[PDB]
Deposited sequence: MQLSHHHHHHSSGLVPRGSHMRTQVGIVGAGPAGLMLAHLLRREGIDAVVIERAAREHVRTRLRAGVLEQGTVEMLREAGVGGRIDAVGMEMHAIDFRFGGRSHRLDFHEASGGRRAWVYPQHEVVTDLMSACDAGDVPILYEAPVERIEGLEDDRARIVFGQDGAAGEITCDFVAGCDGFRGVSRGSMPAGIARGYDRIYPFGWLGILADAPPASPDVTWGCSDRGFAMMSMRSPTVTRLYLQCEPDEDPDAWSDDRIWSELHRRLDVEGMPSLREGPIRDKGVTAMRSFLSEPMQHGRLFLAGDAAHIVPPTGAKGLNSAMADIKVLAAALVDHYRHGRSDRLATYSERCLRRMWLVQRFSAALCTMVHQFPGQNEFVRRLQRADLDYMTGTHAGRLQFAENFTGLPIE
């Protein structure tokens, strides 16, 4: 064939054809207004819809004449554990930072106590309440990176979620039967370049982020929006400049996405043994982000999605 797509993820199916950015929605087409950051015993509802001016969120032979997937071009869409990223010659460079924690996630048959996605930036550790339906809620707890889910009974999970999320004046967390308990990792990684000859990387094969900020899929999509158009210009108008600049343009937008994702991750989680000045700057960062127009503006523009080149 012309284009050999490795991996059948959301990036692999978007080229052949959680929380989503407005750009990801319109790309699929072609509903969130605020996040409640809780800290210091108080709710801080950051209306990013208003601050953003109306944007919203929603819930072998790569140098030869032909490439061979054991086609003209190979689209690496095989995620963080695929083989496409290692399919390059000294060409690749890796930027890696793992965070000293994971997330314990549950799906509960209980109505959300509030309609906004809620971030509990507690000194016990991070917690998050997100919705799915008026009767189904999605919840996360910061936990040890290698945590055994068997150590967390249903009662332990609800107790800790209450401690990390409840504040006076807001409805308390509603409890219900628990489904889909699991532990997921927290890691920042990016690899350069994102192309080499006939091999083009996208999505998790190129770069992973911590889920704080909901960017891993939305960046995979923008990766595909760019790779798809370049292949269109190549096959339709005989124009190869877009393919040659694929890595350059994806990396520009992604390094700003890594920035935002990491900024949230390092702000809302507790780091064991951290320098006490750096630890107190987490609250200063939360106060500035929620409490000033400039802080709210930067959050709103980044959360709803950066432009795509």
Deposited sequence positions missing from the model - stretches, numbered from 1, in order: 1-22, 40-65, 79-90, 120-149, 161-171, 191
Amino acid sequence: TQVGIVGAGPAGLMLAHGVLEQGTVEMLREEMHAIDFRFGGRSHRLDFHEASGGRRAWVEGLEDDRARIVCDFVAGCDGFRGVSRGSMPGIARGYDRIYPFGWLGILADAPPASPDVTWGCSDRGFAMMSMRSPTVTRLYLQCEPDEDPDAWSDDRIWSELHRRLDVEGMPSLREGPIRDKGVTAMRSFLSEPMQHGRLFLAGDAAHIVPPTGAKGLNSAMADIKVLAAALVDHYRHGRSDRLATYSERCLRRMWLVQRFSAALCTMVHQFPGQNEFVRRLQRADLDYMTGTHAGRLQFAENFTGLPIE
From here on, numbers count along this sequence of modelled residues.
Quick one: say whether 143-151 or 212-220 has the higher mean Cα B-factor in the deposited entry. 212-220
Comparing 293-301 with 19-27, which has the greater mean CA B-factor as deposited? 19-27
Quiz for you: based on the deposited Cα B-factor, which of 62, 51, 34, 284 is highest? 62
Go through 245, 270, 240, 258 one by one and give the residue whose Cα B-factor in the PDB entry is largest. 240
Split the chain's modelled residues into thirds by Cα B-factor; is residue 77 in the lowest, middle or highest one? highest
Within-chain third of residue 91 by Cα B-factor, per the entry: highest
When the deposited Cα B-factors of this chain's modelled residues are ordered and cut into thirds, is residue 250 in the lowest, the middle or the highest one? middle
Classify residue 126 as lowest, middle or highest third according to the C-alpha B-factor given in the PDB entry, relative to its own chain. lowest
Among modelled residues of the same chain, the CA temperature factor third for residue 134: highest
